[PDB]
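Trainee: Here the sequence shown is numbered in PDB author numbering, starting from 6 and rising by one per residue.
Each residue gets a CB set at the ideal place from its N, CA and C atoms; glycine is no exception.
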Amino acid sequence: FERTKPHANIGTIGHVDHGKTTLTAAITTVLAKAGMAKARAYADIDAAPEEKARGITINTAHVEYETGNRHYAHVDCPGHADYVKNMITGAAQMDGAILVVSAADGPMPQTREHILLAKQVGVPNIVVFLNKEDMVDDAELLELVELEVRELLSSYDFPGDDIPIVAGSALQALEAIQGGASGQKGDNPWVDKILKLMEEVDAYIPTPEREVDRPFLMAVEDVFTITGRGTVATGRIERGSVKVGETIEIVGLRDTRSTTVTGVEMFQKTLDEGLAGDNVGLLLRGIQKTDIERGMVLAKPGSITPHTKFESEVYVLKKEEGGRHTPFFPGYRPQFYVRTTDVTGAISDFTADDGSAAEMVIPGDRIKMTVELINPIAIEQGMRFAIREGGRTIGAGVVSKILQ
Ligand SMILES: Nc1nc2c(ncn2[C@@H]2O[C@H](COP(=O)(O)OP(=O)(O)O)[C@@H](O)[C@H]2O)c(=O)[nH]1
Ligand SMILES: [Mg+2]
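(1) Can the beta-carbon of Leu-149 be found closer than 9 angstroms to that of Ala-172?
(2) If we count the other Cβ atoms within 10 Å of its Cβ and call it buried at 16 or more, is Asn-130 buried or exposed?
(3) Here's the rule: buried if 16 or more other CB atoms are within 10 angstroms of the residue's CB, otherwise exposed. What is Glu-318?
(4) Terminal residues of the continuous beta strand (DSSP E) containing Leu-287?
(5) Per DSSP, what are the beta-bridge partners of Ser-159 in this structure?
(6) Which residue marks the beginning of the alpha helix (DSSP H) containing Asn-91, and which one marks its end?
(7) Go ahead and pull the three-state DSSP assignment for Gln-183.
(8) Please classify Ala-30: does DSSP put it in a helix, a strand, or coil?
(9) With distances taken from CA atoms, which of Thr-295, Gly-257 and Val-206 is nearest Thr-236?
(10) At the level of alpha carbons, what is the spacing between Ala-46 and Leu-122?
(11) Quick one: any contact between the segment 371-379 and the segment 305-323, if contact means 3 or more CB pairs under 8 angstroms?
(12) Considering only DSSP beta bridges, list what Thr-356 is partnered with.
(13) Rounded to a whole number of angstroms, what is the C-alpha to C-alpha distance between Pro-169 and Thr-346?
(14) Counting by C-beta, which residues lie closer than 5 angstroms to a heavy atom of ligand 2, in chain order?
(15) Check the C-beta distance from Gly-240 over to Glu-251 and give it rounded, since I have them as a contact under 8 angstroms.
(16) Taking only runs of the alpha helix (DSSP H) that begin and end inside the segment 177-223, which ones reach a length of at least 4 residues, in chain order?
(17) Grab me the residues of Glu-278's own chain with a C-beta within less than 8 angstroms of its C-beta, minus the 5 sequence neighbours each way, in chain order.
(18) For ligand 1, is there a heavy atom less than 8 angstroms away from the beta-carbon of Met-203?
(19) In terms of alpha-carbon separation, which member of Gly-95, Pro-194 and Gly-300 lies closest to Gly-402?
(20) Where does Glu-138 land, buried or exposed, given buried means 16+ other C-beta within 10 angstroms?
(21) For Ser-174, collect the residues of the same chain with a Cβ closer than 7 angstroms to its Cβ; drop the 5 residues on either side in sequence, then sort them by chain order.
(22) At what residues does the alpha helix (DSSP H) containing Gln-115 begin and finish?
(23) Assign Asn-284 to buried or exposed, taking buried as 16 or more other Cβ atoms, counted over all protein chains shown, within 10 Å of its Cβ.
(24) Nearest by alpha-carbon distance to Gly-328: which of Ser-353, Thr-62 and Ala-44 is it?
(25) Under 8 angstroms: do the segment 111-126 and the segment 198-213 share three or more Cβ pairs, one atom per stretch?
(26) So the beta strand (DSSP E) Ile-242 belongs to, where does it begin and stop?
(27) Tell me, to the nearest whole angstrom, how far the beta carbon of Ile-372 is from that of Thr-356; I am working on the premise that it is less than 8 angstroms.
(28) Could you give the DSSP three-state label for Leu-135: helix, strand or coil?
(29) Might you give, ordered along the chain, the residues of its own chain that have their beta carbon closer than 8 angstroms to the beta carbon of residue 425, omitting 5 neighbours on each side?
(30) If you follow the beta strand (DSSP E) that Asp-51 is part of, which residue opens it and which one closes it?
(31) Short check: CB of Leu-176 to CB of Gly-24, under 9 angstroms?
(32) Does the Cβ of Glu-254 have 16 or more other Cβ atoms within 10 Å, making it buried, or fewer, making it exposed?
(33) Do you know whose CA, among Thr-232, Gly-336, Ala-224 and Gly-16, lies nearest residue 4's CA?
(34) Taking 8 angstroms as the threshold, find out whether the segment 101-113 comes into contact with the segment 18-36 through three or more Cβ pairs.
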């Protein structure tokens, strides 16, 4: 028996004015007829609030709803910049994305850019809604837009042959419900296309693995000497779990070493097991406090490795949001905040979206670049980091490819 329906995190991406917010409203309104959502008006979702987090401001609407199969958290954002920042900082988990493409316009530059970013930041799967079908009276033209979108997806290494594409009209489905449509399949053809979209989302976007089932990872935040037999390392477990008696690795800054966990402690609790989300103190056999420091991580052995050089997608903050007025440039050497500590690094090999070399990336823009750190640290694809100068965040990045 499953006590709770499965959960996924998704969002609407795509070019401005293609219909992302109207589709979000239509999904909540159609599912509200079944009792599975609070209906959210376009005007409400469109007026997305500001959210600030770790020095980065984004405008994001959040809606929740469920289908018969799965519960969803769904993000929608007003502007292209909001998507760039949300995807690079990972402010919303995206287990998949609904790409909205207007059938009247076809793919546009932010269609391409949002697919690029979805690939680079690791969004697993995409479903497409080909919106504004009411504006296109020729089935021939709709098939040509579908093929163009499949080719675009394939060019960013998504499986363009397998991605579900559902055509319809978010605006006509909302108007149909307003005019009395029941929300039952077969009652209205525009509502049926929203139901079909959510059937495809349910079937094609995988439910994420539970965090406690992934390989253990904990960033070390503080360290204590209490007995002569080991050091207590404290932090918040990011994923997985750790049990007394297990071998773990200490990764980053010094050569990788293994130790046995001989105790797990929380306030007023002596535990056999620490779980993802828990703030814990772990007793590490044989480790001296001098061997271990902030910036290191504890991990299931072999599950994460130390690295110094990687490709990343980087966003440069505008002065208005707390950054600097000056562009990032090759050989700039700022600080990289990697989970718990600054590491000096140098940036290089700026690569524009068309593959050509770039001279700089200006504030408010994003680009692919290479980072080389002065010291090795545990790095994996999808890891986020901040770029800092004097403790203020001036950029944000996500690891897209390990190089060394
Ligand atoms: N004809 C038509 N207009 C639509 C449709 N969906 C959205 N629109 C209109 O297109 C404009 C942009 O839609 P919006 O949802 O704000 O786009 P977003 O910028 O992608 O969030 C609005 O005026 C919508 O009413 C549709 O299916 N058909
Ligand atoms: Mg919108």
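Mentor: Taking the geometry as given:
(1) Taking 9 angstroms as the Cβ cut-off, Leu-149 and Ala-172 do not qualify as a contacting pair.
(2) It counts as buried.
(3) Per the 10 Å Cβ criterion, buried.
(4) Run containing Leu-287: 284-290, per the beta strand (DSSP E) assignment.
(5) DSSP lists no partner for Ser-159.
(6) First-last of the alpha helix (DSSP H) with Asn-91: 85-94.
(7) Reduced to three states, the DSSP call for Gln-183 is helix.
(8) Reduced to three states, the DSSP call for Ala-30 is helix.
(9) For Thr-236, the closest C-alpha among the options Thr-295, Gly-257 and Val-206 is that of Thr-295.
(10) Rounded to the nearest angstrom, the two C-alpha atoms are 28 angstroms apart.
(11) Touching, yes.
(12) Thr-356 is bridged to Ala-362 and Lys-373.
(13) Annotation: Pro-169 to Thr-346 spans about 42 angstroms, alpha carbon to alpha carbon.
(14) Result: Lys-25 and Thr-26.
(15) The distance from the Cβ of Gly-240 to that of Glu-251 is about 16 angstroms, inconsistent with a contact at the 8 angstroms cut-off.
(16) As summarised for the segment 177-223, the continuous alpha helix (DSSP H) elements at least 4 residues long and confined to that stretch are 194-209, given in chain order.
(17) Only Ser-246, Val-247, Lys-248, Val-249 and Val-269 meet the Cβ criterion.
(18) Distances taken from the Cβ of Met-203 to the heavy atoms of ligand 1 include none shorter than 8 angstroms.
(19) Ranking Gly-95, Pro-194 and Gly-300 by Cα distance to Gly-402 puts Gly-95 first.
(20) The C-beta of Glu-138 has 16 or more other C-beta atoms within 10 Å across all chains shown, which makes the residue buried.
(21) Excluding positions up to five away in sequence, the list reads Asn-136, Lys-137, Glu-138, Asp-139 and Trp-195.
(22) Run containing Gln-115: 114-126, per the alpha helix (DSSP H) assignment.
(23) That one is exposed.
(24) The residue with the shortest Cα to Cα distance from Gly-328 is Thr-62.
(25) In short, these stretches do not touch, since the Cβ pair count stays below three.
(26) For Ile-242, the uninterrupted beta strand (DSSP E) run begins and ends at 235-244, by DSSP.
(27) Right, their Cβ atoms sit about 7 angstroms apart.
(28) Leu-135: strand per DSSP, three-state reduction.
(29) Because residue 425 is not part of the residues shown, which for the chain are 6 to 409, the question remains open.
(30) Here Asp-51 belongs to no beta strand (DSSP E); instead the alpha helix (DSSP H) covers 47-51.
(31) Yes, the pair counts as a contact, with Cβ atoms nearer than the cut-off.
(32) By the neighbour-count rule (16 or more Cβ atoms within 10 Å), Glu-254 is buried.
(33) Outside the modelled stretch of the chain, which goes from 6 to 409, sits residue 4, for which no answer is possible.
(34) In short, these stretches touch, since the Cβ pair count reaches three.
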